[PDB]
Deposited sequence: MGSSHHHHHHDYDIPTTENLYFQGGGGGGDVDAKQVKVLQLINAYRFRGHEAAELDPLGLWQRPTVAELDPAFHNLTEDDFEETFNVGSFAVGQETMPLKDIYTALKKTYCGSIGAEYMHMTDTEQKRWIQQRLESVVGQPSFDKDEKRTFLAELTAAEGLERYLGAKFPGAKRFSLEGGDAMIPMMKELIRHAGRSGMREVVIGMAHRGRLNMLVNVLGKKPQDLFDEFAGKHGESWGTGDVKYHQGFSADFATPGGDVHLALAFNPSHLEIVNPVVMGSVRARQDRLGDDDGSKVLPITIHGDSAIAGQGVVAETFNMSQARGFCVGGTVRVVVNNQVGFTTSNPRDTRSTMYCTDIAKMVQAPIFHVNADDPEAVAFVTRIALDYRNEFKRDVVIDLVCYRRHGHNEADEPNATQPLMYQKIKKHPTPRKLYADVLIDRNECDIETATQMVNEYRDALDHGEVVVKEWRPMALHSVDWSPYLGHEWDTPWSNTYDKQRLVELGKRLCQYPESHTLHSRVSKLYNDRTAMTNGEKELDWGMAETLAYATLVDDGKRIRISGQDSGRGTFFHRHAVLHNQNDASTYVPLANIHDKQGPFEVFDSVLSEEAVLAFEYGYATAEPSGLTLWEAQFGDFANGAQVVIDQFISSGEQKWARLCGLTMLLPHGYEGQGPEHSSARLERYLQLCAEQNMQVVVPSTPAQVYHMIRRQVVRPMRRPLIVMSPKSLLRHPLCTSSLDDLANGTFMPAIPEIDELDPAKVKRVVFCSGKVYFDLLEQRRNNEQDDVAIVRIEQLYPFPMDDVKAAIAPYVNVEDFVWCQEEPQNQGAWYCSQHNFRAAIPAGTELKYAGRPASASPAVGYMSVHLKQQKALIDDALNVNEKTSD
């Protein structure tokens, strides 16, 4: 019959658009626009057709032939009840068929054991009960209450029980304020008495400068039917979405260490607010990384706490441009399960389906938990002033605990005395103040401490013969591989440096430093835009065959039993990428983790990660991060965005030994700088002003002797054979400007002015600067020289450090570019005239 074809189009119409008419809002507040396609009359089916049997076809109901009365009911139960599945936009036929099997076979309605139902009720009770307790015990205090979205707690425990049920070993969570204290107490097993002690202010005992209670992270073991599973909740700042990239980098470092090439042992989970996930662009930057080979973690389960309001903003036309906040997920074709949070069984049922999807297909999946915010944005705020109707409806809306208990009683699946005792047993458990999570376990088996002082001794030396054999292996590539003539010219030059015929350039000394690290079995993860070859054609860590596209990585082939070596050409992001590498370095300190800006000027698109994480995470959260940032830097006439890494900004952020700001000027210096970062037992961030023109400067060279038997020099004394008595002025400087100073002093045959580099600006190396200055007893004045404008660079932030170094009688003077609004002139002509001007002011 033609009607059998019409039944088939109706079935797909619900699969495409049934979620648009689904009962997803707990409050029932605003009606959904009608969709004609969901009505059989749109397909010319009438009541006479409704009594006739039909064939389901692809509808996976488990009965080949059905009356239309049950087919129409099955479609509404599957696609228009509590669950709104948005998945047909996906192009993979196997994945869409897979989701149809999960939903359509059960006809939407899920089945759980009565013990499973009693667990969801107790988990709702713990969520509501902890929040009503804090509002009584600490009225008015800022706790970002979960109330109205209490199903997030049973959804989360069901995720973790389901992770161990399918063999996952670790779960890493990154989230925001909403439900944060409920997570700490009711899933991660933080003791309630310790939460009560923080509200009273009696928590103490640290020189961590600290952070507010709803930014804290936690760790615990958590019993699951598959056994104990490690749990980790990240620290995060107030900035709303940026923790998500950091958690992605942590789990990748975990998956890399464990040899989990399919991310099936470590489950990442991120929790988002509905307004934050739509407005913040780092969400899309992270979705773009979800399958990038250098950042993929096997897929993330993403849960949105969609309380249909963001602070005081509730109009959909003010927050976003689409019907759902989750539509950003369609960029990577993620299935999206909207679910009513007043239907806990639907929440757990969609939660298992979402996890099963992520593990079957190793792809991101999103759970839209549609709910409400019972109170104001925080408990001191009045929501009626801006959402009067939403809170007149919430004020007469019963809690999800009460609602679910009413359903189990109607179905004779529970009795009211059991539901009542859970409310009171939980309140008594909070009064005792001990852990209230049944499933919590003490962690099973942390040293070595990596907070040691920057001037701690380290093994700078390396075997000179081992260093040359490493260099020879780097120059070797398969004979069949054919290099571009410029790359083989470069490896031919590296072959001469290994023979002693030519002093090493910057790239060889950098490559050698990586080689000694993997030679000792330590990991190297490099990341950046065009980091394999290098923006300035200097690295060439990856060699591409000129016949086929095949690559060969000499640093990955040094010897068997080497530490792993990876260098990824990153995606066009700096915010999410630098946050990813921050989470990688903190989770796995032992190796070298290095991010490379293509120019240091672009690093400011990750300014939140620099401000709220790198420079401040130790004082705030006791986190040590060894991440190294290569920021190309130097004034060469290329204009405002290709001159300044904003060195002045990193120096301004320096305090309390939080960071290292280094400006190497020699290939040997960058070699020792990189090894000290791994070799020295300190893991604090290394901000590097990477050279550009110095990669090929003829005077910027170092012998093999300088690497094997040298050390990193925080300050470098005068190098030419000046007589110390003859000096009348000492010029402090950093970076390439020294090389312009040196050649001009030699061209003048000037021996009355010494030049002293300060390779490490923070922490300031006091005695190394004084030691370089000591021989010049006749000195009368000192000069700070810099290519950079005076309102930028090291001048404003490092004046007191230089002044403390110099003898008391002498005064210090400035020589450099004038202060300016823009980092650099746009014209090359004006730049060279400025360069000659400042170089002459310093030497006269």
Discussion item. Missing CA coverage against the deposited sequence, listed in sequence order.
Written reply: 1-31, 477-480, 880-886
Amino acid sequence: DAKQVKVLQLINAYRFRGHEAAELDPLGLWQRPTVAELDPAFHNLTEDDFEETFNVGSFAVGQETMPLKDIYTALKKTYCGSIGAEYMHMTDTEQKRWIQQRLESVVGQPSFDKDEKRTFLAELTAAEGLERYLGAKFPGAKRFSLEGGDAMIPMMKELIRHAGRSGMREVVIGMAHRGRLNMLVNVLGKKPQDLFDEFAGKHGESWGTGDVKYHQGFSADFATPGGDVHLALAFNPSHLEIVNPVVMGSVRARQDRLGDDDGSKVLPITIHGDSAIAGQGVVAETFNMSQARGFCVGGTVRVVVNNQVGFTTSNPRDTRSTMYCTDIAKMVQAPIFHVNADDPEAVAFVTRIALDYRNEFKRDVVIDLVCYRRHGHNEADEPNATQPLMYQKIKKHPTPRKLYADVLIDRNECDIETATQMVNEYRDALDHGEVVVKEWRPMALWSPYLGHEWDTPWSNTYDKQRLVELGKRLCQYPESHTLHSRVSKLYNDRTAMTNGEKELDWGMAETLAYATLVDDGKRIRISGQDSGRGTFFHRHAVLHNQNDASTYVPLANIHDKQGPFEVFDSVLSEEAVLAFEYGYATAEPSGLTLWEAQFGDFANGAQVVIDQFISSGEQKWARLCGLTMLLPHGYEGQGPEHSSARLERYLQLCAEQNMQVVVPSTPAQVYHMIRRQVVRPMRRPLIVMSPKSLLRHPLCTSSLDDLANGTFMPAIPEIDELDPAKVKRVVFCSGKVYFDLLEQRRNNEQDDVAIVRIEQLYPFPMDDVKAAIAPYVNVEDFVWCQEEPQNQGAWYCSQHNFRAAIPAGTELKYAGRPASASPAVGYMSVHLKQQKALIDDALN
From here on, numbers count along this sequence of modelled residues.
Item to complete: Output the stretch having the higher mean C-alpha B factor in the entry; the candidates are 212-220 and 743-751.
Response: 743-751
Item to complete: Select between 482-490 and 291-299 the stretch whose C-alpha atoms have the higher average B-factor in the entry.
Response: 482-490
Item to complete: Could you say which of 465, 145, 551, 280 has its CA atom at the highest B factor, as listed in the PDB entry?
Response: 465
Discussion item. I'd like to know which of 170, 581, 327, 723 has the highest C-alpha temperature factor in the PDB entry.
Written reply: 723
Worksheet entry | Ranked against its chain, the third holding the CA B-factor of residue 375 | lowest
Item to complete: Within this chain's modelled residues, let me know which third the CA B factor of residue 432 belongs to: lowest, middle or highest.
Response: highest
Practice prompt. Ordered by C-alpha B-factor within the chain, which third holds residue 644? Give me lowest, middle or highest, please.
Written response: middle
Worksheet item: Ranked by Cα temperature factor within the chain, is residue 566 in the lowest third, the middle third or the highest third?
Response: middle
Response to the item:
Here the Cα B-factor of residue 74, set against its chain, lands in the third termed highest
